Amino acid sequence: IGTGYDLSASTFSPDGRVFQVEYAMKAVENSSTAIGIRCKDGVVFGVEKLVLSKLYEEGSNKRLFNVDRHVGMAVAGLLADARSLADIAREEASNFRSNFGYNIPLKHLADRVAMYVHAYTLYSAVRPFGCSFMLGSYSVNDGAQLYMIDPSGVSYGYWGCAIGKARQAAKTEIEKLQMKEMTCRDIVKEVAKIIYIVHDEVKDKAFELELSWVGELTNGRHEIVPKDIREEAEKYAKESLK
Amino acid sequence: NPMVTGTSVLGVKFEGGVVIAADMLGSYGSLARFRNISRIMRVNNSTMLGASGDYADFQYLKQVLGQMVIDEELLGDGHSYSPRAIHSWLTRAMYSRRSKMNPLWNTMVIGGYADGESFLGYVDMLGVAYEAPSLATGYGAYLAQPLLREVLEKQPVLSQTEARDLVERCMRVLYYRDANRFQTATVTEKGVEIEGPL
Amino acid sequence: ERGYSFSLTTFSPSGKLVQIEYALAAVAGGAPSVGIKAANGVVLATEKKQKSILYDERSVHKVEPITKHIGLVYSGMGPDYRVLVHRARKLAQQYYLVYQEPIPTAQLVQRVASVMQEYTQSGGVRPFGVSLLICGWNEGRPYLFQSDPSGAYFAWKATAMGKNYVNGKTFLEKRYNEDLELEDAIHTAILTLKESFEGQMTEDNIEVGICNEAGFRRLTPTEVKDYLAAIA
Amino acid sequence: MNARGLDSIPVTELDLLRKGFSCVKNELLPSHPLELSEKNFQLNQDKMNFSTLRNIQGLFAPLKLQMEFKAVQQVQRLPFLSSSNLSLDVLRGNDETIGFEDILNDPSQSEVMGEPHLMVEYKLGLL
Amino acid sequence: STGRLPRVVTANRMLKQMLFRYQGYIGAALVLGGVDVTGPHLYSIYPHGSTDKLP
Amino acid sequence: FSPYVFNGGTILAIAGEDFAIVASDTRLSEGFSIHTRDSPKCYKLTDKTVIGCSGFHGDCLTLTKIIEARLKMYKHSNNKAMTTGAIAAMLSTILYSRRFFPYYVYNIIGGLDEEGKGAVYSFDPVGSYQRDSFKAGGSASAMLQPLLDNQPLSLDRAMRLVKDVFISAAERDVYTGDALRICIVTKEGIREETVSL
Amino acid sequence: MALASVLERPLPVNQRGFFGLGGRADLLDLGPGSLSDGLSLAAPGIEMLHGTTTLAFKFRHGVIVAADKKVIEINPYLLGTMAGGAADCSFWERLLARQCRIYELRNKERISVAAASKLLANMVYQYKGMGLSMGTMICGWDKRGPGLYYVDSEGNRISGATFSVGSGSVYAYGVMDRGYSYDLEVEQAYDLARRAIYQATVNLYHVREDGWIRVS
Amino acid sequence: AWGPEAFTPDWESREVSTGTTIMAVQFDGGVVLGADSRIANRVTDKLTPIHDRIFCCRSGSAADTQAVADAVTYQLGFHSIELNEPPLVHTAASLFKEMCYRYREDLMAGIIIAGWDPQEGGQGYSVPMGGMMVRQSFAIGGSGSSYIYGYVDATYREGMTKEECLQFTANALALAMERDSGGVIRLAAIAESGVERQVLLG
Amino acid sequence: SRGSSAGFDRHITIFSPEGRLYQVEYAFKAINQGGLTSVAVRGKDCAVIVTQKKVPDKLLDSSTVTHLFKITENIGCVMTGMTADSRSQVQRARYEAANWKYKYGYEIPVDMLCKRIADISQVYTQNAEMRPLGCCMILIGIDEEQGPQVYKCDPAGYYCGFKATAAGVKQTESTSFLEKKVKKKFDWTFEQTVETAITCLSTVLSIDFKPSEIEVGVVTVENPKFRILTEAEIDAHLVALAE
Amino acid sequence: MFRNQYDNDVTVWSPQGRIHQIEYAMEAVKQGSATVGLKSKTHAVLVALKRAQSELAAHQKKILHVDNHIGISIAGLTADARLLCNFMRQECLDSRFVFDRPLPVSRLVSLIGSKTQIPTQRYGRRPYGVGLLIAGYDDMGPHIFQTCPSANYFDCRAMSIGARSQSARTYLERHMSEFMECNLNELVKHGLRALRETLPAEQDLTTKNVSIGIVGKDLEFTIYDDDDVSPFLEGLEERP
Amino acid sequence: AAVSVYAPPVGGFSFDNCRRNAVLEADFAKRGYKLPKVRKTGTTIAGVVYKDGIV
């Protein structure tokens, strides 16, 4: 109960809480589920993308962006805020490369974007962001890395993450994987299977699977999964459902 | 305040693309000790750039142009900069900098091969731009332009080997004028290939 | 009515400002402090909030010097006290640079009060919740001033402020003399501080500073202990 | 390095008693090499700090600093009176240093001052 | 503010930055010397803002 | 550092009862060296007006681009294409906008008017303009104007005159090109052809 | 980009493409603009009227101005003359005509000669020493009778019954000084103006109650 | 004219130079930075430490170079604390180049940077007047840059021992200094184990 | 700004009838939201910081979860409260230290850094646009003439120097335990300081600790650079304490 | 009942994590009239339905002109439409001036979304209450884009917005498989038949209440009004 | 109140008499007059660092 102290981002509840940030975090659970799994030699993403109508193209309103040559990104929540944060991340990476002449480390980029997100929960002239996102990268001298940022502005490193409406079941399914000793080719199928298991068809008419990895196979580049591998993963997931 | 000339840059057009040769020498003034530096840039798969003049401005423009190319290829919507777009952007940048009496001391040559047609442009620090079958800027600008012009006038259509031989002999004549190393770049359907130093 | 108790820039129908009264109430709820002007010096005494063994004696002090001949003590909030101390030091240095002579006490009090007045007339801020006592010595004549959160200053001969200050004021009225000396003034200050004290006073829970023709000096704990043992 | 800093002749197609004794030719160029440098010292210092902070840490730091400056510089006196600039000096870091702007030509004792309403209107942007 | 005696390097830095700010139009060549916790020090400042440490 | 460079050129314009002719050479040079032998100096603005400019090349390019942008702006705002007189007035204002740092360009505008007759306007690097019947500009204007003055006509005789004037002027000038371009503005549109020199 | 919009002061640091002390910031805005009007700051052949002679005097029935075009028709009721830089004269007198039309529309009454001359002098005085060169005589008729003023680029503004500027100024001025008379008929005034301009070495205007006319 | 021939401002000859001579030579394990002495002085240190393993030498105006060095030390320390790692020589060279290029019309500054990092070993960069940034095996600047360039170029060989590199640098600096002066030559060898400074006199 | 809420409780620039600000007290209450506790002890020639380390998930990366930061090469830190606010204040402190070093030519002292942070934090209490940060900062370091130093600042803008302080949920019990220990005796070596710092937390939380459940940072006179101890050394200290 | 406190500004989150003012602004699109936009392998077509205040007033225009290869259609407020049109025109003009190339539609719509997102986060502003349909042509062929007051844009193959556009959307979905082979004729006819489903069953389409905009491979953006629409209306059927 | 003041004034150095003095000095030198000069100090100074202090 925080009635009366929840109309601005610069007001403290009598027990020391800010409720606008809590409402913003609650707003993320209104969208579909996106997961990301870090493995021995790469990072692979997967998004359950709902279909609104058949009048839209194949690549409309995607949820997987290319922040840089070596960094991927997956979002959840309000889409416009996701586009704005993607633009911010691109600008930060470009500025670092221009200043210092080499690719920006993932931890530094995560810190920059997390601080930019946190700056919005301090003043009464703006409102907190309403989206979470994950970042993934790979390099020969550092290895795979994965991070999450939430509307409050807190970032952490993960071995496997899940954001959206059904993060609990997705986390339960992920916690049964030995991702430390497998390979991206063996993780794409698991990601597809988890996405298919989590999806609920009663309240959601249809969906399209979206996948992309980064790692040693792509030579340190973030790319979309080829169509044949997507088809094979979908077929395996459908067979495993039975 | 004192002024000195710049290194020589050559360029010709042949059937499949363009050939550009540049000098490896640092500068003709007191900076002669900075030898063995490259002046040829690869912009994208169908554009290459050669420079003659100040080196710091060349590096600055290299940074800006590379960042722009990376930014456009990140989106992946299927659109890329043509050689003419780079030519126009360079001309506008030079003119805008000149109008403020803080010019960029350079003289660029742009070559490319898009849509089956070759390109060859010229931009200087004052904003003067045009296109010609052959170009030559630098120390021997007036001793090499008429030669290439008449050679191309005799034969409007030239092959790759003939153009390369003509460039080599022009560079040899220029060195014989005053007494070492250079490099050559080519743009064709395959892409931008740089060979050097020689 | 509570309709005029929230905003700083609103006059009550009776012609009163309420937030300034509340700031004064905040001042009147801090630790006690006493100032007495003797015939050849001024003494300032106060309590300290630490009262513990984990505190480091060299860290933070309540009696602070502005110039060679000016010092002050406060009662109220501490964070609001630090900024005012810094501004006072800067103003004194500016005056010395311009006029090549140390600043008189009255001018410093006037300028500090002028700074404090600005925060009681604009919407979007709050008044300072602190009150100040300034002592000095100019032309062979001691001075003692007090500055309110409103920006109004008075010249005093003996005053008390903080917790239980009405009883301190009447105690001082009963036992003040115009022909005192520095030692008698110090004894009276210690006694009137002990009047409102609750625990056992030692040399580790009070601060004393004096100002005579030599300059402004803060007494060491050994001297405070010696003075305390004198009166038992 | 903080002191080193790095076609506006409109024609009315978008009172002469108020403004006078000024020509474009004289104000085309400065009278001394140190004039513009001294007039714009604080702006140049703020720009340098913002540049280095943005290059090292990110966008959030200069934005937060500018937001704090704007918020704290809105509770001042009206322009025809002199303010103290306490919290702005604290935030900016100039609360323990004295420069040549403080001991020379005290702004609190200026020899000229205009009408109140005129200054308040000019600050608001109406005039 | 700091509660302890200052250092020579602080005065040297302040003087150097001032003289460099005013572009050498303020003609003042100085010889600065003192002793602090680190030890004795001696400097040499010039009107254009260039210092130099010598014995 | 001189921000001005002179480049050769020569332009001409003849106004008729129902036609207008604009012609120019096609050489770019810097006094001694020859940049290109193919660079026309006549630009088509609308279906009924043509502009020809010579002088410093960068200023010419910037002026043409600004003129085209302003034409597009006017078409969007007023829902119609702007006429020759409006173009002349706008160009005069644009030129005078830089009185204290002028464009080093000489312009000549030719086209049809509202009533359907030829119109020719001549400018100066500051912006003064007036309507004429025939005008010659460029480097060789001084040695070409008396010939035209001592020598309205029909289209064919005017073309014959233009050809002989340029063939006589090219042999005596060091900036004339190796080709001549003529643009004809009539009621059915605009057509142009190149004559070797 | 909502936090940066609140700060109503766009700095180059807040924009895109910023690195180092500068960056790709001065090379971003290269458009042709939207709408404005303003002369450029200070850093070829400029047409100037050299061999021109003008003449103007006022009498009972109006003002007669003659010259050897070289006379600007500002309004149906106002007349002007150029001397020096043609472009400057044309531009500033166009501005004066626009100002007069604005005044008439606002106040529903025609402007006077004195006000127009003062406006022109005020406009041309701001750029003293920049390089402008112009000399103008302004003719008209208002509620106070005929008027005649002389305005130049040096700030001079004088009123008189007889003026002359040009190469043959001395001879023509002497002739029309010898032959001047306030109570003069229109025909004799025409003859005097023609004789003066002839001896100076032909246009001729005449301002009346209801606008100027052309004689020859 | 100036258009097709691409004339250059020629920064290095704006004013005549009669300063000291500075040199940096790369050997196998690191880099050796040295400077000579050639009025008053003779007890002055000409080597300015930027970090624990990064040094620099200055040429041109004293005040401008000192201000640039102070600002660069600021920025490098802040960046190293932020990234939580020892700095790279390339970063320091870029930081110098930015201000040396933006203020080319106001300051007369020429910087040479030498140092060691665990990623690429001993490196030496040259940032002369104008803003150029080039890495070189051996870098020469100052007054003898024209007098000793041929000898240094002819004699220099590939990576040698630290002692041999020190001897070669000392010989080159002595030949540069005795052009026709002073007697004090300062050297510094930078390696992984740490800097090792020494002074040669007499 | 969208106005100020009405009430003696709902804004930062409104005094209560009894003369007290309540938003500052609520910011103080916001420190206990994390659920962790920190203890700092000063020795004869050393200073030690001890804090908890809770890793609830199993998919988390334990290497990226920490609360000990580093301001300069010779100043440590530890934060309690909201994570994002703690990180933002750490960044501000780093910037202030760098600026002081550039402006004055030598390293900033611990008390000067704490005073600067407190002075900045006081401004948020006197303006209607900004709000206090819900965290507290503890710094350790070594002075030249004086030995070790321990300092603490709070959201209200008040700072002080201590001999042994604590912060978090169990602040009162930790303070009582440290008071008893200090009153008993204060002459401690390097080994004794770490032992008593660990013992205080152990006996207050009633938990037998494990090497992966705490993190320790020390500063000593011999090596004045901030150093974070490893799991092996923490386990060695725990074994010595148990024996 | 409990919503009265959290639906007065765009800077306030509801206890369910919803911004009610954005949802309120999204309802202004349904206050206009129906618009239909479709595309084929070569051409892109916009069809709009015009309303009039009375019999003595001209019908309000809905289809505007942005560049030689881009055109837009409006449904919602009017001031916001004018402001957005000005922004579009300025961006296209600047791109053409600088690069001597047409501005890609994808980049243009991304700029629109980036500009529109801002007033939904800061105080003292309101969201744009207008929805647009964009038809263009570039190196990738024809394009149809849709814009929303919530700063969201989609890449469509056939879309309808306005009042009572559900029938048009249903018709387009049913007849989606034949659009990519039709030439300009029968494509304008499919668009007109789709637009005719938004009307009552008694009345039909005349020449004074329809506007057509076409852009193609070698045909610039053109608008057909009044008597220019008769050739397209000749072949329609009797509303089956 | 003055009718020609729009913004509050500031402090620091003043450059009002720059051009006036610039032409006045040239005129006075041309006609051969004298103007007040600036006092200067040129006496020798020195310093040294001994064992535990500065002289």
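In chain C, numbers come from Swiss-Prot; the residues present are 3-234, in order.
The header says electron microscopy, 2.9 Å.
Backbone N, Cα and C atoms are what each Cβ position is placed from, and that goes for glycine too.
If you check Swiss-Prot, you get these features:
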- C:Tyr6: phosphotyrosine (MOD_RES)
- C:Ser7: phosphoserine (MOD_RES)
- C:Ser14: phosphoserine (MOD_RES)
- C:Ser16: phosphoserine (MOD_RES)
- C:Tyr24: phosphotyrosine (MOD_RES)
- C:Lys70: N6-acetyllysine (MOD_RES)
- C:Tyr76: phosphotyrosine (MOD_RES)
- C:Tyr121: phosphotyrosine (MOD_RES)
- C:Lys171: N6-acetyllysine (MOD_RES)
Key: modified residues: C:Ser14, C:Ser16 - member with fewest neighbouring CB atoms within 10 Å   = C:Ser16
Remark   = modified residues C:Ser7, C:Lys70, C:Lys171 vs C:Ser14 (phosphoserine), shortest C-alpha separation belongs to C:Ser7
Task = Do me a favour and check the Cα-Cα span between C:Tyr6 (phosphotyrosine) and C:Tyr24 (phosphotyrosine); whole Å is fine.
result = 13
Request  = Within 10 Å of each Cβ, count the other Cβ atoms and name the one among the modified residues C:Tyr6, C:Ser7, C:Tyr24, C:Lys70 with the highest count.
outcome  = C:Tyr24
Request  = Find, among the modified residues listed as C:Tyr76, C:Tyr121, the one whose Cβ has the highest number of other Cβ atoms within 10 Å in the structure shown.
outcome  = C:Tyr76
Note = One should report the C-alpha separation between C:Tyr24 (phosphotyrosine) and C:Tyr121 (phosphotyrosine), rounded to whole angstrom, as 14
Query = Just the number: how many Å between the Cα atoms of C:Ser7 (phosphoserine) and C:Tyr121 (phosphotyrosine)?
reply = 17
Ask   = In angstrom units, rounded to an integer, how far apart are the Cα atoms of C:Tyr76 (phosphotyrosine) and C:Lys171 (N6-acetyllysine)?
value = 17
Ask   = Roughly how many Å separate the Cα of C:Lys70 (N6-acetyllysine) from that of C:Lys171 (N6-acetyllysine), to the nearest whole number?
value = 29
Request  = Any same-chain residues 6+ apart from C:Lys171 (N6-acetyllysine) with CB under 8 Å of its CB? Would you list them in sequence order, or say none?
outcome  = C:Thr161, C:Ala162
Request  = Name the secondary structure element type, per DSSP in three states, that contains C:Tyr121 (phosphotyrosine).
outcome  = helix
Remark   = DSSP says C:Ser7 (phosphoserine), in three-state terms, is coil
Query = Given modified residues C:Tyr6, C:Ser14, C:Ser16, C:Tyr24, C:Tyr76, C:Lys171, which are under 8 Å from chain I when comparing Cβ atoms?
reply = C:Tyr24
Message = Please report the Cα separation of C:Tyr121 (phosphotyrosine) and C:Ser16 (phosphoserine) in Å, rounded to an integer.
response = 22
